[PDB]
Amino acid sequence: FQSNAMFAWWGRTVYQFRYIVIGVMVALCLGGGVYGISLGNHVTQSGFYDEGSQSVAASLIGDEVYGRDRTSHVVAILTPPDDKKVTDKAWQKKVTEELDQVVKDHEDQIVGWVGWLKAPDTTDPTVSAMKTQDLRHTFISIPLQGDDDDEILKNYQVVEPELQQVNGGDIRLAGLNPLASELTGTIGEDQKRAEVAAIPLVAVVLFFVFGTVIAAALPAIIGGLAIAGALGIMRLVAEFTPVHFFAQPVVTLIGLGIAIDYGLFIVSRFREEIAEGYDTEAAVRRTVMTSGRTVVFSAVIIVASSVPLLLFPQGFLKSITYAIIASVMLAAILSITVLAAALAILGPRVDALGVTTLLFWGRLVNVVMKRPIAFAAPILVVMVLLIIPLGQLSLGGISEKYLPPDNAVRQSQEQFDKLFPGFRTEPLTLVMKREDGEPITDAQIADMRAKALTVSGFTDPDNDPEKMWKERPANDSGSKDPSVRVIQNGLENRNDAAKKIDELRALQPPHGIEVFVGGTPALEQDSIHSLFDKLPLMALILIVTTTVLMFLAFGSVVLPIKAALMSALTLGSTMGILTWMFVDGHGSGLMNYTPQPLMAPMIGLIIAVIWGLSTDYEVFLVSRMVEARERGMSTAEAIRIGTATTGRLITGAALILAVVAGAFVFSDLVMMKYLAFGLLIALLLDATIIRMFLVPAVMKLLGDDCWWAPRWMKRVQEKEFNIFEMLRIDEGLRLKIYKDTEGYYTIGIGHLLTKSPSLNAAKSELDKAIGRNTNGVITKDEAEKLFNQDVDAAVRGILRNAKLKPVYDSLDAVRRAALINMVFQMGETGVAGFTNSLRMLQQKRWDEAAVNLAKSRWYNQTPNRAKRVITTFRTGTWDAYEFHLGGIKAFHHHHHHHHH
């Protein structure tokens, strides 16, 4: 159930108010860009866990009571120069002084530095392990101030430039915060690689789509305004909800491409409307009423494919979904507001600037429709084989391996673990809270320790069961509430985590004690089960909402059911190739990334993104095919006509987003590589294999049941504009007798009753004409009957005139109505006066014919009606009447008033 009255209204109103539209929208988005370049200072790295999970509650209680663990913030490997040993007291004094100096200057950022180097004469075996036994390396630990991840990372980045100079610059920093800042700086590095390699390439792809500077430049400006405004929207959202770092490149990697593609399509159809003969006002309105609603539907489909991600509790996916929605909706709005008004101002000047300014699909579709199974099956089988790698698949958490294997910080983390094994631990934790409020007695701790010892698989370094599950270290920021106690122990093999936790949760607590299972493996496993638990509902919502929207678009039941599984196939094979690439490792040597399990939220994100991409492209294409079959075309020529006029623009937009995605696949953060490669793969599969070979065959074998419209769930076609409506516009419709501009009694559509002055004689002739006694008033249908009679009289007169019959037989029905209109107005001799223009019309030289007709006295005397009729001759459509300014005030009776 459409409403193009709104799109018609907006296509008119955006032309009317084009200046304030461009002003307001450009102002708002550029202001948003100023507002949102500060977005990078208000994003978070938190959002990978399930903050409603038991392990998160365990972590919160632990950090409250015992104090958050700051021992892993920054580890620094110092090694003396000149192959000196770490017991050199001069080098010891120098480096101790340097470190106390850097701590003295940044006490609001650094808590202090720990390590053997502070007390080199000590008994502590753990502290004495902070030096290698060859005594040429020793590490310190530098805890930082801060009570959330973002604040601690900001403090680390504040003190890092001076910390890095300690010991002649030969100090290697690792730990949570060096790794975190490297991982988060990959974002800015990707944005600049985009800025430098993508925008020239997409600019020249734009210029190859339109061989014109201005037409190519408009979608690029739309994309830039989209990026600016979306960063502004995201900075505004950041003041209510946390927004993840990853939301920033998603604005560029997905937002910019789609905004540019929207601009592509709208400028393309504006140019083609101008080429079809319409003026820039009608051109703007039709561009809106067609491509603007295609892009609005495109935005609705992308939002419908991204929203299910909100089912997941990870703030990561939440903020990414918000970024996608803002980018896409702002892109659509801009493309039918700033871009529409810009085109309304420019007009045909969009093509004024050529390249000189410097300072076939139908053969392909038809080859493959008489040979369908020669491509169908030998493509579906290859795609299911491309999915068989998907069964190979694992998931994991963030690691230093997410950086390239030659990354300095990753390498020093790996050398820290190499030189000092056993410090880096990820214990599971039993956190116990007494419901009531009293301290927890040692009997309860011993009980819980025994019940922890019934379960196998926990590390026992000293081979004494009594001394595993030691109490968590308690520091100066813990409340030390005696009603809460934490014990902890690492796993021998972390692959057992998922089950070990599940059995430690299966333990029954002591009487009056609540126990939460926490620790890094618990957080990761709880988040993985979060995603896996709420993934099926995600997929179902995704699928069925996409297919009901394709019900709305195609007006079919078999075509959406086909496109749904075709897109399921695209998604499956894309993910299979992605797993062959990033888990099995094929491509890891050339691209410089480590083969490893995938981030779990990336699964939901990639499902949503690739699914939305494929159904967006399939709707955009087969849309024109359903319109072809609706425009009398056959199925076959329908598939052909659909692929034909779309091909160039589809491949252009595909190439632009492929360029920016290929800019992003070089990122140092492997999650970025995975997502951008999934984009490239799904793109190249959707733009050629499925688009060219799969859909036309599959829709040929579905012969004519490709459109099955059951019940009243299909678009009936509405009132076709006719000559009655045209001249009701041009001559009015009056149901009561009146006097025209000559004082003659007229009724209906310009129907002269009599030249007599007696209104009663006019009433007599109208009573005779209508068949009843009317007292001077008729109904609408009787007026239509009188008009049909007059039209028949005018056509008979035309076919009787040697000067008019040839051109009249020449013309189509709409242009025939234009000629009958001219005859009605001025007589057949008057119309036959236009010898040259009538010949031009006869020769279908619509352009020159319109030009010559506008040079006439007819145009000068009645420019609005003459202009409408001339436009009808040019375009051969009813556009100049279907949408026009209100009404007319001077009523004059026409020639061929028919009497009987």
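Numbering starts at 1 and follows the sequence shown.
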Residues of the deposited chain absent from the coordinates between residue 359 and residue 360 total 10 or more
Per the record, averaged over C-alpha atoms, which has the higher B-factor: 424-432 or 450-458? 450-458
Would you determine, from the values in the PDB entry, which of 373-381 and 733-741 has the greater average C-alpha temperature factor? 373-381
Go through 252, 635, 754, 337 one by one and give the residue whose Cα B-factor in the PDB entry is largest. 635
In the PDB entry, which of 623, 592, 327, 319 has its C-alpha at the highest B-factor? 623
Determine, from the deposited record, the chain-internal third of the Cα B-factor for residue 17: lowest, middle or highest. highest
Considering every modelled residue of the chain and its Cα B-factor in the PDB entry, is residue 895 in the lowest, middle or highest third? lowest
Record-listed C-alpha B factor of residue 154: chain third: lowest
When the modelled residues of the chain are sorted by Cα temperature factor, does residue 864 land in the lowest, middle or highest third? middle
Ranking the modelled residues of this chain by C-alpha B-factor as given in the entry, is residue 876 in the lowest, middle or highest third? lowest
